[PDB]
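> this one's a deposited entry, sequence included:
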Amino acid sequence: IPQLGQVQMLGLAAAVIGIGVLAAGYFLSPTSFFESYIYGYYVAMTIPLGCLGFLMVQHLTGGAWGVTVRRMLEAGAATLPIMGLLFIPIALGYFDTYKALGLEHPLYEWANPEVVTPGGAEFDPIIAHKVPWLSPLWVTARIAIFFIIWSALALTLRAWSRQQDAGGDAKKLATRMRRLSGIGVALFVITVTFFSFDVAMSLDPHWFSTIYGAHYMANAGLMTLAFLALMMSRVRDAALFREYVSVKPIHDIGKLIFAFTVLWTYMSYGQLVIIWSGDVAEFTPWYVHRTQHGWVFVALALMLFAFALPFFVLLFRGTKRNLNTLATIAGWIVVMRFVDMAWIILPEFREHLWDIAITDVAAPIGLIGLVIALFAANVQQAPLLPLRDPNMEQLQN
Amino acid sequence: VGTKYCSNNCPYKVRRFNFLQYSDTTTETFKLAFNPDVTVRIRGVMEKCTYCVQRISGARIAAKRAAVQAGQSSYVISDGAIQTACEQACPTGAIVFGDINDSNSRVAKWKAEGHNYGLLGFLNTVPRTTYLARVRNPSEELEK
Amino acid sequence: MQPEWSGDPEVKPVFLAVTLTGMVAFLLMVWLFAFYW
Amino acid sequence: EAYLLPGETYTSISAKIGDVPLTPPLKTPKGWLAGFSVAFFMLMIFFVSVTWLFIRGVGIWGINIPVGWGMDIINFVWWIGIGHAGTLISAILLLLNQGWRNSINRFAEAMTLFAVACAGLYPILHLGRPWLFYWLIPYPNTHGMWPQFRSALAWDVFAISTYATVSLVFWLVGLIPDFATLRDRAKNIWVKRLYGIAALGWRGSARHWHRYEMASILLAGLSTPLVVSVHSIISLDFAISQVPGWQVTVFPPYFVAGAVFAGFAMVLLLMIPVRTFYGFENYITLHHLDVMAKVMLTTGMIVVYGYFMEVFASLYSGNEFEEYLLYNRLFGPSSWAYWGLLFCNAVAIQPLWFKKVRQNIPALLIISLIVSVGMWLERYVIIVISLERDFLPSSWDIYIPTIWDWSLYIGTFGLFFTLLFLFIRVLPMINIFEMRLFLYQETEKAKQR
Ligand SMILES: CCCCCCCCCCCCCCC(=O)OC[C@H](COP(=O)(O)OCCN)OC(=O)CCCCCCCCCCCCCC
Ligand SMILES: CCCCCCCCCCCCCCCC(=O)OC[C@H](COP(=O)(O)OCCN)OC(=O)CCCCCCCCCCCCC
Ligand code: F3S
C-alpha cells in the first residue's frame, strides 16, 4: 500500500517531465513531437498489453507465479481504455487534422494523399497497393476494434476476479475466467500482432515482416515480466506478500524473465538470419537502415547488454531466488527494452543515431510514467493477491 | 553429395541434377565423343554451365605460360582468347563473352549500354550474364 | 555435496590417467590427421 | 479432475508398470505379436525401398528439376517435427512443474528417439550420393576441406546429431532408476545382470537423487531451448532460401508450433491404445487427455495464426511473386493440398475448444488423425507448392510423387512402429519412479490440503 503510493508519485513526476518536454518539442517542431509520441506510445503499450496477455496465460496455465501477480496483471490490464485515450493524438496525427498542428507530411506514408492517390504526383505503387488496408478510416476502425476487444477482455476478467472475493469461486468463476482467457489468448495474439503491424510496421510500408508482432509479443511480455518483478520488489512489505508469498514465485518470475529474454533474442535472430541469409531487396532495407549512420552500435549494444549480459547473469539461483538483485536485473531489462524499441522504431524517421532528439527520451519516460501512475492507482483500489481462489494452494506448495 | 538445395535456391533454376545414371557408361562410340577436358558426371551430382571453364582454364594457362616465357610477370589474357562454345556457335552473335573489368572488351562495352539489364534484379544476385532488352523497329502503319 | 570418490586414494592417479589418456589419444589424432602425409 | 486415480500404492505402481516388461517372452500377448508382425512387414517394405533407392538412385522419386525437394524432405520435416511434443513432455513440462508429464515422459522420450531415427535417415537418404554424408560433418581429411557452415543443411547436421544425442541422453538418465527396479524384479538370473549394467547399479539414494533431480532439471533446461532451435533450423532450411513461399520470417516459431501440434497428434494416436489395451487407466487419466488436447489446441491456433500470417504476407505485399504464391496455393494445380490444409488443420481444430469434444475418446482420436494428415499437408504446401512455381515461368513444373516416395513413407512407419514395439516389450512405457514421486506428491497435497 504505501510503497505503491511512492511509486505512483514517482510515475506522476516522470509523466510531468515527459509532458513538459513533449510540449516543448511541439513548440520547436511538431513533427518530431508526433514521431516521438509514436515511439513513446509503442513502448508505453508494451506494459498493459503484455499485462493483459500474461494475466490470460496464467489463467490458462494456473501457477503459483500467476496467483502471485494476478492482481498486478489485472491492474496493468485495467489501464487499456486510458491507453485508447492516449492513442487518439496519433489518430489526430494521421487523419484530416493534418495541415493543422504543423505537420509537413502526415505521420504515415499511407496517410499521405499523394503517395496513395491514383494519378497523383507520387503514386508509389507499393503503398498504393495496400490502400484499402492502410487508409485512415480502416486503421482507426481496426485499432478501435482492437481496443474494444482488449478493454472487454481486461475489464471482464478484472470484474470477475473482483467478484471472486465473495464466493462461488472454487469451481465457478474460475472456469469462467479460464474459458474467457482461453478464447481471448488467440484473440489477443492476432489483435496485438495486427496492432504491431498498423502502428510500427506500417511506418515504412515498403517493408513487412511476419515475425513482427511475435517480436512485439516477446518485447511486451519481457517488459511486462521485468515491470512485474520491479514493483514486486517494492510491495514486499505489503504484509500479504509476506503472509502468502515466498521466494519460490520470485524464482518462477525470474525464470520467466530469463525465458522471455531468450525467446525474444530467438525471435530477433530468426528475423535477422532469415532476411540476412536470403538477401532479397524488399526485406533488406530494414536492416540497411538499422546498421547505418550509427545505428549499428546501438544494435551491438542491444546484443551485448540486452541479451548476453541478461542471459549470462540470469543462469544462476541467487539473482533468481533473491529478489533485490532480480529487481536490479529487471530494471536493466526495462531500460534495455527502451533501447531496443528505440532501435525498432526510431530508424524509420531519425536516420542517425545523433539525430535522436530529447523528445525521443521525453515521450517514453513520460508515457511510461502515465502508465505506472494509472497502474499503481489500479492496484490500490483492490486487495492484491486474491486470497479466496481455487489456485491458492500453490503458494503454500 | 546431392542435397539439391542448390537447385531450390538458384532463382533461375539453371542447375541440373543427375537423378539417374544419365551418362553413357557402356557404349564405346559414345565414350569416344566425350571431350576429355570436361568431367563426365556420375549419378547424383549437380550440373550447370561453368562459363565453359575448360576454355577459360586453357586460355589462362596459355596466357600464364606465354607470360612466363617472355618474362613479363603480368598474365594479360586477350579479349578473343576465350570464346565459349555456345558463343562460338551462335550464328547471330547474340551471345557475347569476355572480361568485363577491362573496358576495351566487347562484353564490357555491351554491358555499358543503357538497355543492358540483369534478370530478376530484386534478388540481389548481381548477375554476370546480363541481357540486352529487345529493341524493336516496328512501322508507323501497324502499331502507331 | 562432494562426490563419493573425493576421499579415495584412487582419485589422484585415475584423474591423472584421464589427462594422460587425453594427451596420448588426442595427440595421436593430431599426429595422424595433421603430420602424417 | 485428478491426474492420478486413487487406490494406488508404490507396490501397485511397480507391479502394474514393471510387469509389462520382464514378462516371459513366450507369454507375450498376441495383440503385440500381430502389431509387431505388421511392423516387421512394413520394415521389409522399408528395406526394399531403401535398396532400390541405393541401386537406381534418387531419381526413382518423383523429384524433377524445379522441385528438388519433393516428398522426401516433406517426410523429413514431418518425422523430425513429431519429436517436438515428445521433448515437450520430456523437458518443457519438467521445467514448468507440470503434473501431467509424469506418466507420459517415457513414451514421449521414446517416440522422440524413434521419430529421430526415422527422420535422420532422410538427410542421408535424399542425397543420391549417400555414402558421402560424412562430408557434411567437419572431419579431418587429406583434402583440407570443410563444410560450408553457413548452409542450413550444415546447421541441420549438427542440429539432428545434437538433438539425437541429447534425447538419447535424456532417455538413458530417465531410464536408469527404472532399470534399477526392473533389475530388482527380473526373476531370471541373466536378465538381472542385463538390467543391472543398464542401471549401472543405480542405488536409489539421497546424494544420488539430489544429482538426479539436479541433472534432470538442468538437462531439461538444456533441451528446452534446443528442440525449439533444432526445429527452427528445420524451418531455416526453407527460411534462409530465396523462394517466395520459403523466405517467410514467421517460419521458425510457426514450424516449432506445427511440430508440437503434429507431435501431440501422434502422442494422442499412440497413447490412446497404450491407455486402453495396457491397463494404465489410473496412471493416464482422462484429465491427462483433456490437458493434452488443450496444449494441441494452443499449438493449432498458433499454426492457424501462421497461415494467416502467410495470407497477410501475400496480400499486403505489392510483389507479384507472393500474390501468385497465394493464387497458386488457392487456385493452382496443386491447390487441393491447401484446401485440405484449411479443412484439416484449421476447421477441425475448433472442435477442441469444447470440453465434451476433448473428453470424447473416439472424437479425440479421429481429430488427432486429421491433425497428423493435415500437418503433412502443411509441409506439402510449404515445400512442394512453392517449388512448383518460381520466378521464371519457364521453370514451372508439376510435382507428382512416384510409388517409391509412398513406399519409403510406409517403410519409415514400419521402422517407427517396430522400434516402438521393441520399446514396449523390453522396457517399461511409464516412468515407474516419478510416478511413485507423483503418488507421493499427490498424497502430500492430500495431506496439506
Ligand atoms: C516449445 C514451446 C515454447 C516454449 C516457450 C518457453 C516456455 C517457458 C519456459 C519456462 C517455463 C515457465 C517458467 C517457470 C514458471 O513460472 O512455471 C511455474 C508454473 C507452474 O509451477 P507451480 O509452482 O506454480 O506449480 C503448479 C503445479 N503444481 O508454470 C506454469 O504455470 C506455466 C506457465 C505458462 C508458460 C508461458 C510461456 C510460454 C510462452 C508463449 C509461447 C508461444 C509463442 C508465442 C507466439
Ligand atoms: C505477453 C503474453 C505472452 C504471449 C503469450 C501468447 C502465446 C500464448 C501461449 C501460452 C499458452 C499456454 C498453453 C495454455 C493452454 C493450456 O491449456 O495449458 C495449460 C495447462 C492446463 O493446466 P491444468 O492442469 O489443466 O490446470 C490446473 C488447475 N489447477 O497446463 C499447462 O501449463 C501446460 C502448458 C503447455 C506449454 C507449452 C504450450 C504453449 C506453447 C507452445 C507453442 C509455441 C509456439 C512457438
Ligand atoms: S546444394 Fe550442394 S550438395 Fe550438391 S546438389 Fe547442390 S552442390
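In hand now; what should we look at? Residues are numbered from 1 along each chain as shown, chains lettered A, B, ... in the order given. Ligands and ions are numbered 1, 2, ... in the order given.
> show me what residue of chain C gets nearest to ligand 3.
When Cβ to the nearest ligand atom is the measure, chain C has its nearest residue to ligand 3 at residue C:33, with 23.9 Å between them. In this view, the C-beta of every residue, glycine as well, is placed from N, C-alpha and C.
> no wait, chain B
residue B:6 (2.8 Å).
> and that residue, how many neighbours?
Residue B:6 is surrounded by 15 other residues when neighbours are defined as other Cβ atoms under 10 Å in any protein chain shown.
> quick check: which element contains it?
Using DSSP states H and E, residue B:6 maps to helix B:5-9.
> repeat for residue B:50
Residue B:50 belongs to no helix or strand when elements are defined using DSSP H and E.
> which parts of stretch B:116-125 are buried?
B:123, B:125 (16 or more other Cβ atoms under 10 Å in any protein chain shown).
> cool, and stretch D:326-337?
Residues D:326, D:328, D:329, D:332, D:334, D:337 are the ones in stretch D:326-337 that count as buried (16+ other Cβ under 10 Å).
> does chain B sit close to that stretch?
No - contact between stretch D:326-337 and chain B is absent, the nearest approach being 15.9 Å (criterion: Cβ under 8 Å from any Cβ of the partner chain).
> contacts for that stretch next, please.
Applying Cβ atoms under 8 Å, 6 or more residues apart in numbering or on different chains, the external contacts of stretch D:326-337 come out as D:245, D:310-311, D:314-315, D:338, D:377, D:380-381, D:384-385, D:388-389, D:398-399.
> and with 7 Å instead?
Residues outside stretch D:326-337 that contact it (Cβ atoms under 7 Å, 6 or more residues apart in numbering or on different chains): D:311, D:314, D:315, D:338, D:377, D:380, D:381, D:384, D:385, D:388, D:389, D:398.
> swap in stretch A:137-147?
Contacts of stretch A:137-147 (Cβ under 7 Å, 6+ apart): A:84, A:87, A:91, A:132, A:191, A:194, A:195, A:198.
> can you give me the helices for chain B?
All helices of chain B, identified by DSSP state H, fall at B:5-9, B:28-32, B:53-70, B:85-88, B:106-111.
> neighbours of residue A:206, just the number please.
Around residue A:206 sit 13 other residues, with neighbours defined as other Cβ under 10 Å.
> go on, residue A:384?
Other residues lying near residue A:384 total 21 when counted by other Cβ under 10 Å.
> three-state assignment of it?
Following DSSP: H, G, I helix; E, B strand; the rest coil, we place residue A:384 in the coil state.
> state the phi and psi torsions of the spatially closest residue to residue B:41 that is not a sequence neighbour.
Sequence neighbours aside, residue B:18 is the residue nearest to residue B:41 in space, at 5.3 Å (criterion: Cβ to Cβ, 6 or more residues apart in numbering or on different chains). Dihedral pair for residue B:18: phi -80, psi 90, per degrees, to the nearest 10.
> kindly report the same for the one 4 residues further on.
The phi and psi values for residue B:22, taken as degrees, to the nearest 10, are phi -80, psi -30.
> returning to that earlier point: next one: the helix holding residue B:6, is it in contact with chain D?
Yes - applying Cβ under 7 Å from any Cβ of the partner chain, one finds that helix B:5-9 is in contact with chain D at B:5, B:7, B:8, B:9.
> ok, now how distant is residue A:235 from residue A:71?
Applying Cβ to Cβ, to the nearest Å, one obtains 10 Å for the distance of residue A:235 from residue A:71.
> rebuild the helices of chain B as a markdown table, extending it with distance to residue D:227.
Formatted as a markdown table, the entries for the helices of chain B read as follows, by distance: least, Cβ to Cβ, whole Å:
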| stretch | distance to residue D:227 |
| --- | --- |
| helix B:5-9 | 23 |
| helix B:28-32 | 52 |
| helix B:53-70 | 44 |
| helix B:85-88 | 50 |
| helix B:106-111 | 50 |
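> OK, contacts around residue D:341?
When the contact criterion is Cβ under 7 Å, 6+ apart, the partners of residue D:341 are D:374, D:377, D:378, D:381.
> ok, the third one touching residue D:258?
The one in question is residue D:378. Yes - in this structure, residue D:378 is within contact of residue D:258 by Cβ atoms under 7 Å, at 6.1 Å.
> residues from the stretch 151-300 of chain A in reach of ligand 2?
Among all residues of the stretch 151-300 of chain A, those adjacent to ligand 2 (criterion: Cβ under 6 Å from any ligand atom) are A:185, A:189, A:217, A:220, A:221, A:224.
> one more time with 5 Å
Where the stretch 151-300 of chain A comes near ligand 2, counting by Cβ under 5 Å from any ligand atom, the residues are A:217, A:221.
> could you pull out the helices for the stretch 151-300 of chain A?
Residue ranges of the helices in the stretch 151-300 of chain A, as given by DSSP state H, counting those that start in this stretch, are A:174-196, A:214-234, A:241-244, A:247-277, A:285-288, A:295-303.
> do the same with chain C
For chain C, the helices defined by DSSP H occupy C:11-34.
> what sits against whichever residue of it sits closest to chain B?
In chain C, no residue comes nearer to chain B than residue C:33, which is 21.4 Å away by Cβ to the nearest Cβ. With contacts defined as Cβ under 7 Å, 6+ apart, residue C:33 is in contact with residue D:140.
> tell me the spacing between it and residue C:26.
Using Cβ to Cβ, residue C:33 is found at 10 Å from residue C:26.
> for the residue of the stretch 1-150 of chain A found nearest ligand 1, what are its contacts?
For the stretch 1-150 of chain A, the nearest residue to ligand 1 under the criterion Cβ to the nearest ligand atom is residue A:63, separated by 2.6 Å. For residue A:63, the contacting residues are A:252, A:394, by Cβ under 7 Å, 6+ apart.
> leaving out chain neighbours, which residue sits closest to the closest residue to ligand 2 within chain C?
Taking Cβ to the nearest ligand atom, ligand 2 has its nearest neighbour within chain C at residue C:1, 31.4 Å off. Distances taken as Cβ to Cβ, 6+ apart put residue D:207 closest to residue C:1, at 5.8 Å, once the chain neighbours are dropped.
> report how many residues lie close to the one you found.
Under the neighbour criterion other Cβ under 10 Å, residue D:207 is assigned a count of 11.
> was I right to think it contacts residue C:6?
No - using Cβ under 7 Å, residue D:207 makes no contact with residue C:6, being 11.5 Å away.
> mind checking the end-to-end distance for stretch A:375-389?
For stretch A:375-389, the separation between the terminal residues is 23 Å (Cα to Cα, to the nearest Å).
> buried residues in it?
Neighbour counts over stretch A:375-389 (16+ other Cβ under 10 Å) mark A:375, A:376, A:377, A:378, A:379, A:382, A:384, A:385, A:386, A:389 as buried.
> for residue D:373, give its distance to chain A.
Residue D:373 sits 23 Å away from chain A when distances are taken as Cβ to the nearest Cβ, to the nearest Å.
> how about the nearest residue to that residue, chain neighbours excluded?
For residue D:373, the closest residue by Cβ to Cβ, 6+ apart turns out to be residue D:344, at 6.1 Å.
> and that neighbour, how far from ligand 2?
Distance, residue D:344 to ligand 2, using Cβ to the nearest ligand atom, to the nearest Å: 19 Å.
> I'd say residue A:187 and residue A:148 touch.
No - no contact is recorded between residue A:187 and residue A:148 when judged using Cβ under 7 Å, the distance being 11.1 Å.
> tell me which of the two has more neighbours.
More neighbours sit around residue A:187 than around the other of residue A:187 and residue A:148, counting by other Cβ under 10 Å; the figures are 19 against 14.
> which SS class is the closest residue to the more buried one other than its chain neighbours?
Closest residue to residue A:187 in three dimensions, ignoring its sequence neighbours and counting by Cβ to Cβ, 6+ apart: residue A:149, at 5.8 Å. The assignment at residue A:149 comes out as helix when based on three-state DSSP.
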